[PDB]
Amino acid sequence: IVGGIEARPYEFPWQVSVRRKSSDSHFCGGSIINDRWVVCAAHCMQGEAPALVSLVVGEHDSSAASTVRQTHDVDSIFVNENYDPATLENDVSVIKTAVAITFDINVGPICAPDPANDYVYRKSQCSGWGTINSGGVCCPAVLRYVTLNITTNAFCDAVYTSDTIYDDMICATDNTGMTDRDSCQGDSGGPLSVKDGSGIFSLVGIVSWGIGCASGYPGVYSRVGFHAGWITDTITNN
């Protein structure tokens, strides 16, 4: 996360740290949607083997000992069959745990978005243990987050003078030049959310790709509303 701040302990209870099991190395974020499923990005899971991945929930400061932290083995991984590694279209996946995730005040799922809402200009949040600068060293110990503005796809597509922003994508950035706030390396697969008047959070995007980080280009995310049907069918049939 670039231009953001430290999250308070378990401020975003659905946040997941996806790691290489043998090295406990965080490489992507994720979002809990129920006690057996986590939403992530396709580019994070493509080619991964269930036995070599660990999902860590209830995390905050990865460098501290914790009684809240839960480490889960992965049962199966589902990458969107239409994922295009070249265009980044359909950059979505869902991961199933071997056992049920324990839910409490510190760990819980995030809500699904309303597919019939593009969230244009809504204030949003993005959290993760990604680098704080493009090219920075991965990864900061304490969970961070930043608030962003969800742009129109046309605007985002206009800024990316050499790349296409598809309808299944959603972008978010700051209102001050796109050089202050953004998600970065390590935040991928993580959540881009919005909250209602009651403080209830909904998953509207999945950290996907971008040029640099707060380097003049908006961050690009996989539009969860667009892939909502796929996520529902996948977690319901597996």
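Note that residue numbering follows the sequence shown and begins at 1.
Looking at mean Cα B-factors across 82-90 and 150-158, the upper value is held by 82-90. With 42-50 and 58-66 compared on mean CA B-factor from the PDB entry, the stretch scoring higher is 42-50.
Of all the options 126, 101, 112, 132, the entry's greatest CA B-factor is assigned to 101.
In this PDB entry, the Cα temperature factor of residue 182 sits in the bottom third of its chain's modelled residues, the lowest group. Among all modelled residues in its chain, residue 12 ranks in the lowest third by Cα B-factor. Ranked by C-alpha B-factor against the other modelled residues of its chain, residue 116 falls in the highest third. Per the PDB record, residue ranking by Cα B-factor puts residue 173 in the lowest third of the chain. Annotation for residue 188: CA B-factor lies in the middle third of the chain's modelled residues.
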